[PDB]
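Peer 1: Residue numbers (the deposited numbering), protein chains in the order written: chain A, 1 to 32, 38 to 190, 200 to 301; chain B, 1 to 33, 38 to 301; chain Z, 1037 to 1086; chain P, 100 to 148; chain E, 1235 to 1283; chain U, 52 to 139, 151 to 238, 256 to 363.
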Amino acid sequence: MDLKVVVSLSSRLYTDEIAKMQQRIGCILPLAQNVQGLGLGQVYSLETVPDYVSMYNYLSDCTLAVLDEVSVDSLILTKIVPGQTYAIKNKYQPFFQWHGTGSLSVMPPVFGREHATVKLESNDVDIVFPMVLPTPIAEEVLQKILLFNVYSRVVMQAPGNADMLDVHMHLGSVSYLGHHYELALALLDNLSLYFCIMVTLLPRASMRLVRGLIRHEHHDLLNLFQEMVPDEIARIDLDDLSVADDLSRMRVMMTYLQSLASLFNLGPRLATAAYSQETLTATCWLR
Amino acid sequence: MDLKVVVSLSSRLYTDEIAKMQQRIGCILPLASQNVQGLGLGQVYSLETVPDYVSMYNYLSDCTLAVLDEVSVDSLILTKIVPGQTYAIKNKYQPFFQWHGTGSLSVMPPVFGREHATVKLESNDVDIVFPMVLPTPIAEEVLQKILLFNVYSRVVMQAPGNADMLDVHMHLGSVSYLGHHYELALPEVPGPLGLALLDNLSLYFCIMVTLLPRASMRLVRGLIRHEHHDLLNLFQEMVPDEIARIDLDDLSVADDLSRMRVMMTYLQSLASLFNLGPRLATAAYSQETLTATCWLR
Amino acid sequence: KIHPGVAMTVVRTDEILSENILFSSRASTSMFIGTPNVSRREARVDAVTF
Amino acid sequence: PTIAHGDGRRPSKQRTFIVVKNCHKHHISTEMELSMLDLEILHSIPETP
Amino acid sequence: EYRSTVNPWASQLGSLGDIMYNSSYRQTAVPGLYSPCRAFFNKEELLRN
Amino acid sequence: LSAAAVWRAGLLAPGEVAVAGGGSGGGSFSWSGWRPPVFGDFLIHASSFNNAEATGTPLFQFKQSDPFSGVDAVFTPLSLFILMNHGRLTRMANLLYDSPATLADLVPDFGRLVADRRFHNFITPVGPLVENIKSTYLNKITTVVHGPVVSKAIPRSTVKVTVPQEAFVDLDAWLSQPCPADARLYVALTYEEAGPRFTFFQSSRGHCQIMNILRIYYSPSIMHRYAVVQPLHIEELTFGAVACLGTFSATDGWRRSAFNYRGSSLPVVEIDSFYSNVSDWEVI
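(1) Give the residues of chain Z in contact with B:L215, contact being defined as C-beta atoms less than 9 angstroms apart.
(2) Mind checking if A:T83 is an interface residue toward chain E, Cβ cutoff 8 angstroms exclusive?
(3) Indicate whether the contact test is met: 3 or more Cβ pairs, each with one atom in the stretch 280–290 of chain B and one in the stretch 277–285 of chain A, closer than 8 angstroms.
(4) Quick one: using the 10 Å Cβ neighbour count with 16 as the cut-off for buried, is A:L170 buried or exposed?
(5) Buried or exposed: where does residue 191 of chain A fall if 16 or more other Cβ atoms within 10 Å of its Cβ makes it buried?
(6) Identify whether U:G325 lies in helix, strand or coil by the three-state DSSP scheme.
(7) Whose C-alpha, out of U:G72, U:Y270, U:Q288 and U:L293, is nearest the C-alpha of U:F280?
(8) Measure the Cβ-Cβ separation of B:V75 and B:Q38 and say whether it is below 8 angstroms.
(9) If you compare alpha carbons, which of B:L69, B:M264, B:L80 and B:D56 is closest to B:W299?
(10) Please tell me whether U:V266 and U:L200 are closer than 8 angstroms, where the distance is taken between their beta carbons.
(11) Since U:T326 contacts U:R179 with CB under 8 angstroms, what's their CB separation in whole angstroms?
(12) What are the residues in the stretch 267–294 of chain A lying within 7 angstroms of chain E by C-beta distance?
(13) Over what stretch of residues does the beta strand (DSSP E) that includes U:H208 continue unbroken?
(14) So B:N204 is in the alpha helix (DSSP H); what residue range does that whole segment cover?
(15) Examine the ligand GTP and report whether any of its heavy atoms sits within less than 7 angstroms of the Cβ of B:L255.
(16) Would you say E:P1270 faces chain A, with C-beta separation under 8 angstroms as the test?
(17) Cβ atoms of B:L64 and B:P113: under 8 angstroms apart, would you say?
(18) On the DSSP letters alone, give me the boundaries of the beta strand (DSSP E) that P:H125 sits inside.
(19) For chain E, check one thing: does any of its Cβ atoms lie closer than 8 angstroms to the Cβ of A:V75?
(20) Looking at C-beta atoms only, is the number of pairs between the stretch 220–228 of chain B and the stretch 265–273 of chain B that lie closer than 8 angstroms three or more?
(21) Would DSSP call B:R118 helix, strand or coil?
(22) If you draw a straight line from the alpha carbon of E:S1245 to that of A:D203, how long is it in whole angstroms?
(23) May I have the straight-line CA-CA distance separating A:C67 from A:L29, to the nearest angstrom?
(24) Taking C-beta pairs closer than 7 angstroms, name the residues in chain A that U:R86 reaches, listed in chain order.
(25) May I ask you to report which of helix, strand or coil DSSP gives A:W299?
(26) Since A:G183 meets chain U, which of its residues come closer than 7 angstroms, beta carbon to beta carbon?
(27) Which residue comes first and which comes last in the beta strand (DSSP E) that contains A:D73?
(28) Flag A:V54 as yes if its beta-carbon sits less than 8 angstroms from any beta-carbon of chain E, otherwise no.
(29) How about U:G76 and U:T224: do their beta carbons lie closer than 8 angstroms?
(30) What's the call for U:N339, buried or exposed, on a 16-neighbour Cβ count within 10 Å?
(31) Between B:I247, B:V5, B:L51 and B:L176, which has its C-alpha nearest B:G117's C-alpha?
(32) Assuming U:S282 and U:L233 make a contact with CB atoms under 8 angstroms, what is their CB distance in whole Å?
(33) Listed in chain order, which residues of the stretch 236–270 of chain A have Cβ atoms closer than 7 angstroms to some Cβ of chain U?
(34) Can you pull the chain E residues whose beta carbon is under 7 angstroms from the beta carbon of Z:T1049, in chain order?
(35) Do B:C27 and B:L72 count as a contact pair if the criterion is CB distance below 8 angstroms?
(36) Quick one: Cα of B:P196 to Cα of B:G177, how far?
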């Protein structure tokens, strides 16, 4: 069974595209085929701000594919089935880790726009790979950039309550299995907007649901042991507000927790089996 | 590998229903493992029970789905759903949903009314209702709508001066789509398993309300005191008293990391709760002939 | 209907369906023809695609 | 080929353009669907008409 | 050859005509729509010609 | 016969083949399908191993925090359980191993990793062991990490999977007919004030709906927590995590056999025709 997909280049290339694709011959890439609708070049385009959540939804929408070989006119790549296995190398702008790691993420590149982006002047497609990076690395990085955007926007909001040095000593540094890596920097502004409006509507939603579900069961041991948990000040105000706007706030609460719930899942979850360190390649299969 | 699973009936299927089973070809039906009863959704959603859409959700999620492609008299052929094969599914359901989104597909109980998915079978003592097939965003929106309705209709019934019963049935009401609004079927009592789902959801809620990152509070206060965003329209230029009284403390960063750590893990647990019911990944839904190659995710 | 202080230059776009006439001289292009190859894109148990 | 000029204005040398040309590769593709049971009944052998 | 431009608000580098339809100042617009005058005021297609 | 006459199509070659024409399409003769799994080879310390244990045992790799170590040892839930009993069924556990010292100091911190209650994301399951050489130093093992269980050699023997019965809890026997075709096997971490535990769950239901029934079963274990302790330094609100080990065939049920040491007897649940698939950790 042949899963190989040739992408026909419109224009002839020269040696720099060869050197960059053979610099990037391991990494993976989305799909729709056509040369234009190939990578994240429809979502990292500079005609708009390259947003995060739409980029995530587009990446999870189309299937994924690994590049294999580049010629002058062809771009030989192979896509991914969840049936069989494949190979994967790093060849990335950060060279982080593959420490036997039983779960792998495919995140959009949040370190730098041009760090993954192989820019070609002969064809204005400006193809750009997603970052392949292991799963606790990916969760720590998304945490430390989300809080970085919240802290940057709150120090842009008011410079009194936040600083930058004690968070650069804290959240600019990622560390995992004896490796200490470094990362610093408007897509995360929209992400933190979703995160802040979620955690803002969360008290009203939680207290409304616990007042709904509080005494359905008339004596449960679990029910009491979970209702002595919450904050004693998080349980005052419900009946001051009406029904309609409250239920609209419930609706937007629910759709936003669903969207962010799939988003804090790490996207297309690849899985590795046996990583050969002396070769820099891993045996992979979609899961 | 085999996919062809034949199911015999037990008596002569009458010729009035072979026409509509010819009309329902390529739809989805839930399996039992054969026999005749339970091969469908009538055994757990009957007329007698108030439709909770959660126990039948338990049955459709817990059982492997099946495509119905050929109907004959006294014998009809089924095809199971096994991961790794790209099944051809036709959207043949009377609440129409074009798959212009071409996203992941989702199966749901017949929440769009009993009549649209039923079929009478006067041969044997079995009736068949069909599971609904519908895209991911509409499915999760209708899922959160039916849970919010079965949790708030009961508390509206708990009101003594329940002056407005029809408020939620017209504000919550129909489903959100750009083509049309499609009114659904609404239970009055949530049933046991629905309150079990709201129980586990409220358990996650009261666990997650114990940890809120305090920097985000400052951000929403500042944006309220900035221009009122279009996303900020739900506040209509108001700071709630609760966020005003949980900001008596200052902005830190040490508790923020472990707060966000447990928030990632509990949001992934909540996603695992809401990724419930079997899911289909779609490659290239063809528009002109209403068929879609899909494999089980 | 009072004139403002400024003047405006509207610019429209207008797509027009036009039949062109294509000429090319004899032997203007050399061409290499490849022999076709049949391959299985996806092995579906209901219907294999070629 | 160049003319040789009447007045000796400028020397008319050989002008040999040495030009290289690129091969434009195109990969034409489609698909054709075949049902599995048709392939099965292809591989079987006939006995009854 | 007797005047520089007939209009000042659409001819210089930071004129109103550029900041409406440049690629360099449309950094927050939706890429779905079309603009007619974007076929003139873009810098990249100007320097490509 | 006509069965031998119709045998030419159903002989071999999954998929099919266009026998002639202008082009040849499809070649799958002399290969009967049945996708072979990829092999996750590991090199463990022989002092971290027991040779006497059987082949088909589900293993658990703890990933080394150390950069200057090409090797990595493994944990089995017997070894893991006696490691919890050393960090603080026992008579079974001491019967296997003599010294828990190199295993407890093998991981650098073990009381700290249960203090932060982050033990789940550091233990990556690699499924059942199959291939095993025997050496006094740096012993190399190989496990079927994803797919069907099989031996390495050209005798491609099925390997029955031994899961200990005392550490295994049935789901449907304690719950007392949605889908008897799928049979899935889950492992679950479990914290406790005394010492943590690893347990196993057979389930005939789907993967996503199994956690909510696991909470209903698991609720008397969580009703004992929080009466005597209250978490500071905030961790510990998580109470166990579950993952998928893979599926097996419910047509042939698990048949209990006898994995015996020379000391005493020890019954074991044998899983035959297991289709290994390690998923991600899902907390409760």
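The beta carbon of each residue, even a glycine, is placed where N, CA and C say it ideally should be.
Peer 2: According to the structure shown:
(1) For the purposes of this step, residue 215 of chain B is identified with residue 211 of the second sequence, where counting begins at 1. In chain order: nothing, as chain Z lies at least about 47 angstroms away.
(2) Walking along the first sequence from the start, residue 83 of chain A turns up at place 78. So no, A:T83 is outside the interface.
(3) no
(4) For the purposes of this step, residue 170 of chain A is taken as the residue at position 165 of the first sequence. Sixteen is the threshold: since fewer than 16 other Cβ atoms of the shown chains lie within 10 Å of the Cβ of A:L170, the residue is exposed.
(5) Coordinates for residue 191 of chain A are simply not present: the residues of chain A run from 190 and resume at 200.
(6) Reading the sixth sequence from its first residue, position 246 is the one you call residue 325 of chain U. Residue state, collapsed to three classes: strand.
(7) Within the sixth sequence, residue 280 of chain U is the residue found at index 201, counting from 1. Of the listed residues, the one whose Cα sits closest to U:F280 is U:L293.
(8) Residue mapping note: residue 75 of chain B aligns to position 71 of the second sequence, counting from 1. Residue mapping note: residue 38 of chain B aligns to position 34 of the second sequence, counting from 1. It is not a contact, given that the beta carbons lie outside the stated cut-off.
(9) Along the second sequence, one-based indexing puts residue 299 of chain B at 295. In this structure, B:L69 is the residue among B:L69, B:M264, B:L80 and B:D56 with its C-alpha nearest to the C-alpha of B:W299.
(10) The residue given as residue 266 of chain U occupies position 187 in the sixth sequence. The residue given as residue 200 of chain U occupies position 138 in the sixth sequence. No, these two residues do not count as a Cβ contact at 8 angstroms.
(11) Here residue 326 of chain U refers to the residue found at position 247 of the sixth sequence. Here residue 179 of chain U refers to the residue found at position 117 of the sixth sequence. In fact, because the Cβ distance is near 29 angstroms, the residues do not count as touching under 8 angstroms.
(12) From the stretch 267–294 of chain A, no residue has a Cβ closer than 7 angstroms to chain E.
(13) Position 146 of the sixth sequence, counted from the start, is the residue given in the question as residue 208 of chain U. That run of the beta strand (DSSP E) goes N201 to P210.
(14) Here residue 204 of chain B refers to the residue found at position 200 when the second sequence is read from its first residue. Segment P196 to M212, the alpha helix (DSSP H) holding B:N204.
(15) What this structure holds is no ligand at all, so the ligand GTP is not there to describe.
(16) Within the fifth sequence, the letter at position 36 stands for residue 1270 of chain E. Answer no: the Cβ-Cβ gap between E:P1270 and chain A never drops below 8 angstroms.
(17) Indexing the second sequence from 1 puts residue 113 of chain B at position 109. Indexing the second sequence from 1 puts residue 64 of chain B at position 60. Yes, these two residues count as a Cβ contact at 8 angstroms.
(18) Here residue 125 of chain P is taken as the residue at index 26 of the fourth sequence, counted from 1. Looking at the DSSP string, P:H125 is not in any beta strand (DSSP E), and its letter there is neither H nor E.
(19) Locating residue 75 of chain A in the first sequence gives position 70, where the first residue counts as 1. Answer no: the Cβ-Cβ gap between A:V75 and chain E never drops below 8 angstroms.
(20) no
(21) Residue 118 of chain B sits at position 114 when you count from the first residue of the second sequence. Reduced to three states, the DSSP call for B:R118 is coil.
(22) The residue you call residue 1245 of chain E lines up with position 11 of the fifth sequence. The residue you call residue 203 of chain A lines up with position 189 of the first sequence. Using only the alpha carbons, I get a separation of about 35 angstroms.
(23) Looking up residue 67 of chain A in the first sequence gives position 62. Looking up residue 29 of chain A in the first sequence gives position 29. Approximately 10 angstroms, taken between the alpha carbons.
(24) In the sixth sequence, the residue the question calls residue 86 of chain U occupies position 35. Under the 7 angstroms cutoff, chain A gives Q89.
(25) Residue mapping note: residue 299 of chain A aligns to position 285 of the first sequence, counting from 1. Here A:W299 sits in strand by DSSP.
(26) Residue mapping note: residue 183 of chain A aligns to position 178 of the first sequence, counting from 1. Ordered by position in chain U, the residues that pass the 7 angstroms Cβ test against A:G183 are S116, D117 and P118.
(27) If you number the first sequence from 1, residue 73 of chain A lands on position 68. First-last of the beta strand (DSSP E) with A:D73: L69 to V75.
(28) Here the question's residue 54 of chain A lines up with position 49 in the first sequence. Under the Cβ criterion of 8 angstroms, A:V54 is counted among the residues facing chain E.
(29) In the sixth sequence, residue 76 of chain U corresponds to position 25, counting from 1. In the sixth sequence, residue 224 of chain U corresponds to position 162, counting from 1. Contact flag unset, no.
(30) By one-based count along the sixth sequence, residue 339 of chain U stands at place 260. Exposed, by the Cβ-count rule.
(31) Along the second sequence, one-based indexing puts residue 117 of chain B at 113. It is B:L51.
(32) What you label residue 282 of chain U is simply residue 203 of the sixth sequence in a count that begins at 1. What you label residue 233 of chain U is simply residue 171 of the sixth sequence in a count that begins at 1. U:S282 to U:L233, Cβ: 5 angstroms. Contact.
(33) With the criterion set as a beta carbon lying under 7 angstroms from some beta carbon of chain U, the members of the stretch 236–270 of chain A are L236 and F239, in sequence order.
(34) Here the question's residue 1049 of chain Z lines up with position 13 in the third sequence. Per Cβ cutoff of 7 angstroms: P1270.
(35) Taking the first residue of the second sequence as position 1, residue 72 of chain B is located at position 68. Taking the first residue of the second sequence as position 1, residue 27 of chain B is located at position 27. Closer than 8 angstroms, so yes.
(36) If you number the second sequence from 1, residue 196 of chain B lands on position 192. If you number the second sequence from 1, residue 177 of chain B lands on position 173. Each residue's Cα considered, the two are about 23 angstroms apart.
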